[PDB]
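Next up: a single chain in structure tokens, the form deposited in one PDB entry.
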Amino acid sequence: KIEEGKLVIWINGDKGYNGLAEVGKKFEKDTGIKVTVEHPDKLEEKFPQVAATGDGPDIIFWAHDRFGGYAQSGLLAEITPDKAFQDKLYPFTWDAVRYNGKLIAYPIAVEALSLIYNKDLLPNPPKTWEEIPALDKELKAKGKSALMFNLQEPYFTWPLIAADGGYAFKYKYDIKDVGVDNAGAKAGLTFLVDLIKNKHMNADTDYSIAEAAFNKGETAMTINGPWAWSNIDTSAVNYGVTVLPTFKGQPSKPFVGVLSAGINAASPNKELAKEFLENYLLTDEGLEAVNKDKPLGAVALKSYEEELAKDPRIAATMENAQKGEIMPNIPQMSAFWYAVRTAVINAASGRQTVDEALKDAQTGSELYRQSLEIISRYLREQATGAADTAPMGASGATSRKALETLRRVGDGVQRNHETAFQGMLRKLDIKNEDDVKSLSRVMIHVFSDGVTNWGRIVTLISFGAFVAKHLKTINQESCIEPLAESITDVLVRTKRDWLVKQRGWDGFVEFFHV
């Protein structure tokens, strides 16, 4: 699918893509390979869809948080630099692109949100979120506003949500302990909604609108990354880059990104991508090219980071980096952000309350692990005759009642529909691991191509139980957890919005409740 003798690169449109294309041109110089840089809308969403069919770009650039998802789905080549090259980048930048002990990308640069302020409007920027309503009242009398930043991407609101005890996954990383709807997070997002309610911010404010307002000198402050600094430089606003305000005395905790370059597993040009990234981009000359288009932040390349470390804007970036936490790269990061995006937009717009909205985000962020636990437990106890002794952990009442419900309703389906199950199981030839990976592909297709309701969800999980019974029978128990993950995966990928609407597994318990 991907053309050979070429490199197609995706990078996000807020980055220095003209600069990366200049590195592209210098690679063409030496090698006669053309390099196309593109910056599609929603490339973090489009990359996994197209790569899954052996398509998309050779190289994708994104923050490291998405790359584990991509790696889990087998969409990235293992990268294998020598020690000599590894030692040119900071050990911690490598750690951000390590998934199941394999390097899955080249780290490029460390990114944290800072408070950006207009020195001519605000000589001393505020130290606390609490003083911003006063400062806004004061600035409005002079025809200005205190603060405008992008309220459409949860990334920009995360530092306030994290400040007083909000977290995605507790720290390796425990995917059973999600802190999206705890007191700390409610307080953070409540402060934001109050700012909006009291007219100190507008729910509809996005990246464009905030950027234009700061750069015309209408607002005294914005929250943004190093990529933003080029446009402000050009607007001749006298700006400073500082530490974010505290909330309830606690520092703002930004989620730190490492801009990372992955190589599509479907690429016929992997050697070229490695050569480009290792010997063209990740050089003093290579990164300088890009950094002049749009600043990268604290670059991963020690040699060039020593140069830029002297910049007080980088020093403030690093200061904000250390008050915050480096993002997880676990596959569930994608579901976490989709849930928290939706919570922030609906709290901001008043379509839900803070409590309603963060509850729905807690369900969304937990949904995959909650679903896997129930489904894999049902499959294993169906196959073996014996229930799993281990405790269900957090939200363990929901898992226990869902499993107990599924036992009654799933046994009923398997009993009544045994004919078609034996029939469909015989029509397929389950004999080995490779046959199991095939069966997954079919279920995904059959489930996906039909209406959403609890009966069809029980039927998918009940057929899985049926198949798990058989897999045990042919000494193939090892393939039962992969089968559970496949059923879990399609269920929460394709029916996420419906499951959150039904209050997830509590709705399942309620719907089939005697």
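C-alpha atoms forming the largest set that superposes within 1.5 Å between two forms make up the rigid core. From 1 onward, residues are counted along the sequence shown.
Gaps at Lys102 occur in none of the other compared entries of the protein that contain both adjacent residues, all of which model it rather than a third dropping it. Gaps at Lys127 occur in none of the other compared entries of the protein that contain both adjacent residues, all of which model it rather than a third dropping it. In this entry, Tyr171 and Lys172 are separated by 1 to 3 residues of the deposited sequence that lack coordinates.
In this entry, 173-181 shows the higher mean Cα temperature factor of the pair 135-143 and 173-181.
Look at the mean CA B-factor for 108-116 and for 74-82 in the entry; the higher one is 74-82. Looking only at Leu379, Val256, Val299, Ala397, the residue with the top Cα B factor in the deposited structure is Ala397. Highest CA B-factor among the listed residues (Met327, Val436, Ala265, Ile375): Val436. In this PDB entry, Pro57 carries a Cα temperature factor that places it within the middle third of its chain's modelled residues. When the modelled residues of the chain are ordered by their C-alpha B factor, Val492 lands in the highest third. Per the deposited record, the Cα B-factor of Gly423 falls in the highest third when ranked against the other modelled residues of its chain. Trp337 sits in the lowest third of its chain by CA B factor, as recorded in the PDB entry. Sort the modelled residues of the chain by CA B factor and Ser462 lands in the middle third.
Beyond the structure shown, there is the form deposited in another entry, which is absent from this document and is the topic of what follows.
When both forms sit on the same rigid core, the CA shifts between the shown form and the other one reach 2 angstroms or more only at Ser448 out of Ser448, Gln49, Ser478, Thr473.
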